[PDB]
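What follows is a short report on a single structure.
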Amino acid sequence: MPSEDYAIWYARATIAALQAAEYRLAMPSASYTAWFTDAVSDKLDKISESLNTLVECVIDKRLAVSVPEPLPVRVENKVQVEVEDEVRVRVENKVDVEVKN
Amino acid sequence: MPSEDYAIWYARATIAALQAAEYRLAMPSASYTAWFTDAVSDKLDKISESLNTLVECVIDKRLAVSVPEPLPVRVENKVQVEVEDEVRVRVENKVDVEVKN
Amino acid sequence: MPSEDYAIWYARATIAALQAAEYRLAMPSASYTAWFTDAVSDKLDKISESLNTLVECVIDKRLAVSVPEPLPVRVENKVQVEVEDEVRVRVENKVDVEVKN
Amino acid sequence: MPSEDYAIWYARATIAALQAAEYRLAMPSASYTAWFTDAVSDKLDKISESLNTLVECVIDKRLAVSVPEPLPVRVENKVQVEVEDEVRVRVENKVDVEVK
Amino acid sequence: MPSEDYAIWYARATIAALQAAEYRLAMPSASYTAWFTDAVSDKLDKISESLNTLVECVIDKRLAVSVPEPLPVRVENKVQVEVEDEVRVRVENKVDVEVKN
């Protein structure tokens, strides 16, 4: 029943108005926030929980770590030592001696 | 088509209405959610999956680490040592002796 | 009511107009921004803060770590040593001697 | 040229209908997705890629690390040792001997 | 001014059209992008910046770490050593000798 001329103008004028305006979001519906919680927020909570588990290892601005024990090592240098016991020895060569008695 | 005065009224009144309202989002379309899943949610899953792998290394607030085995070390101090075996020796000097015979 | 023909036209024309337009978001309302900050922004702050605690441990492109100390180690190689002080010894064998006087 | 009553009604009724409806988002325009990619998705990619570089270091639930080598250490205890070579010695004292 | 029957039909029909349609987002207003930059993007940037600092420590698929130097260790095993210098010794016992002259 609306004339074609009016119907044409209505569609064109309504599209022009919709595009001229800007849209202020309200609080979303519960259906949107449920979706968004699954798509984003719950995943952020899991990421934050995992990060926290790692950061609880930080003490005094150092990350506490654990290594196998005892830790296998190779000493690469010549070490100065102090011998604490009397040592049993086997003399292997013929020794020059000065008799003092 | 309606008069210019009517068209001007309609454009202004409709824009005014669109901007006076606030908009409550519903569940998005399947097309929007598929796009958003690729743009955001799937990437959050990969981030969470990578963090999970790191956090599996944590036990009692210490991060388990691995170093080369065996680890090359350099001993910096003078070490007290206890010699446990008999030692073969070569006497390099002429020795003063007292004969107890 | 208006005509059933007019009503069908109006539904089709209005949906077609709404779907032909594109929608420019303004700054959201206070209701939305409060929800969004709780759903996203505050969780990002929490993540950022935890990460900063970890990254504070990084010094000049190395992560500072703490290991139990003194660390138990097991030395796997034969170590060169230097004996600095006089060692007390006990000769275990009969020594061949050349008397020089 | 609508009547004033109609103009007043149309403003109030249109606001009411807009507030009562809920709005289903379609696939966004290319302009929106281009902007959103810059604002969000590209930064998520950078974050994910940085995390992967760190997580490649994880081997069987341990983080592979590197320390300066050789690692400087201080031995805190007295060490039992086994001498494995013949030792050149210089005798310092006058030795008591029993002949043959 | 319209009749109540029209007014009621218009409200019901317009809500029905608004809910039957779906909405294609254009590029958002400057107001929106400025708010969104503060609420999300700038926080992502800080997260990425902090993560970059940690990942700079990765070299050849290992994380570079620092421990206190020198690190205190406890040697748990008996160590084989090679003495490298001449050793001054004091003979503590009476030595049996075979005179070879």
Side-chain angles (χ1 to χ4, degrees), chain A residues 5-6 8-9 13-14 16-18 20-29 31-32 34-35 39-40 43-44 46-47 50-51 53-54 56-57 59 63-68 71-77 79-85 87-93 95-101, chain B residues 1-2 7 10-11 14-15 18-19 21-28 33 36-37 40-41 44-45 47-48 51-52 54-55 58-67 69-83 85-91 93-100:
Chain A
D5 290 345
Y6 178 83
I8 289 161
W9 168 85
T14 302
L18 293 160
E22 63 175 3
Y23 300 85
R24 303 188 89 258
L25 296 168
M27 201 182 298
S29 73
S31 189
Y32 180 92
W35 171 73
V40 178
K43 299 183 190 302
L44 300 183
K46 181 57 161 51
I47 289 161
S50 294
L51 242 194
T53 299
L54 179 54
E56 291 176 354
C57 295
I59 173 175
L63 182 79
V65 302
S66 289
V67 297
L71 183 73
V73 304
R74 283 178 72 83
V75 175
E76 308 288 344
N77 62 316
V79 184
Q80 304 183 9
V81 302
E82 187 180 274
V83 171
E84 306 294 0
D85 56 330
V87 178
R88 307 168 282 125
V89 299
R90 184 166 157 87
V91 170
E92 293 297 331
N93 58 320
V95 181
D96 288 352
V97 298
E98 270 307 325
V99 170
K100 288 291 184 188
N101 77 65
Chain B
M1 92 171 70
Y10 177 76
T14 305
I15 291 164
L18 297 163
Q19 291 186 158
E22 296 180 352
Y23 295 87
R24 183 172 69 262
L25 297 166
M27 172 135 281
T33 63
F36 190 95
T37 296
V40 174
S41 296
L44 297 184
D45 287 341
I47 288 168
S48 191
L51 266 176
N52 291 335
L54 183 54
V55 172
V58 173
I59 316 162
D60 290 322
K61 299 185 181 188
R62 314 188 68 88
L63 180 82
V65 300
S66 288
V67 291
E69 275 200 349
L71 181 73
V73 305
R74 184 172 187 280
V75 175
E76 294 200 346
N77 59 320
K78 178 158 172 184
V79 183
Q80 293 185 28
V81 303
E82 204 138 281
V83 176
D85 58 336
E86 189 186 52
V87 177
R88 282 179 45 120
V89 308
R90 193 187 144 74
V91 169
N93 64 312
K94 179 165 67 167
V95 179
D96 288 344
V97 300
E98 300 244 345
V99 175
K100 294 313 194 167

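Residue numbers start from 1 in every chain, and the chains themselves are labelled A, B, ... in the order their sequence lines are given, proteins ahead of strands.
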B:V75 versus chain A, the contacting section by heavy-atom distance below 4.5 Å: both
If one checks every heavy atom of B:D60 against chain A at 4.5 Å, the contacting part turns out to be neither
For [X] against [Y], the heavy-atom pair lying closest together:
X: A:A39; Y: B:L44; answer: O-CD1, 4.1 Å
X: B:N52; Y: A:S50; answer: OD1-OG, 3.5 Å
X: A:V95; Y: B:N93; answer: CG1-O, 4.2 Å
X: B:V73; Y: A:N77; answer: O-OD1, 4.3 Å

Looking only at A:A34, A:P72, A:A13, the option with the highest number of non-hydrogen pairs under 4.5 Å against chain B is A:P72
Let's test your reading of the structure: which of A:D5, A:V40, A:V65, A:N101 forms the most heavy-atom pairs below 4.5 Å with chain B? A:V65
I'd like to verify something: which residue of [options] has the highest number of heavy-atom pairs under 4.5 Å with chain A?
options: B:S48, B:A11, B:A64; answer: B:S48
options: B:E22, B:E69, B:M1, B:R62; answer: B:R62
options: B:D96, B:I47, B:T33, B:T37; answer: B:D96

Interatomic distance, [X] atom [atom1] to [Y] atom [atom2] [nearest 0.5 angstrom]:
X: A:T53; Y: B:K61; atom1: OG1; atom2: NZ; value: 10.0 Å
X: B:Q19; Y: A:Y23; atom1: CD; atom2: OH; value: 8.0 Å
X: B:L51; Y: A:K46; atom1: CG; atom2: NZ; value: 8.5 Å
X: B:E98; Y: A:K100; atom1: CD; atom2: NZ; value: 9.0 Å
X: B:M27; Y: A:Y32; atom1: CE; atom2: OH; value: 9.5 Å
X: B:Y10; Y: A:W9; atom1: OH; atom2: CH2; value: 6.0 Å

Looking at side-chain heavy atoms only, is the closest gap between [X] and [Y] below 4.5 Å?
X: A:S66; Y: B:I59; value: no
X: B:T14; Y: A:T14; value: no
X: A:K43; Y: B:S41; value: yes
X: B:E82; Y: A:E84; value: yes

Contacting moiety of [X], where chain B heavy atoms sit under 4.5 Å:
X: A:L63; result: side chain
X: A:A20; result: both
X: A:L71; result: side chain
X: A:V99; result: both

Using a strict 4.0 Å threshold on nitrogen-to-oxygen distance, state whether B:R88 and A:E92 make a salt bridge. yes
Paired with B:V83, the side-chain contact (heavy atoms from CB on, under 4.5 Å) test is passed by just one of A:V81, A:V87, A:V89, namely A:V87
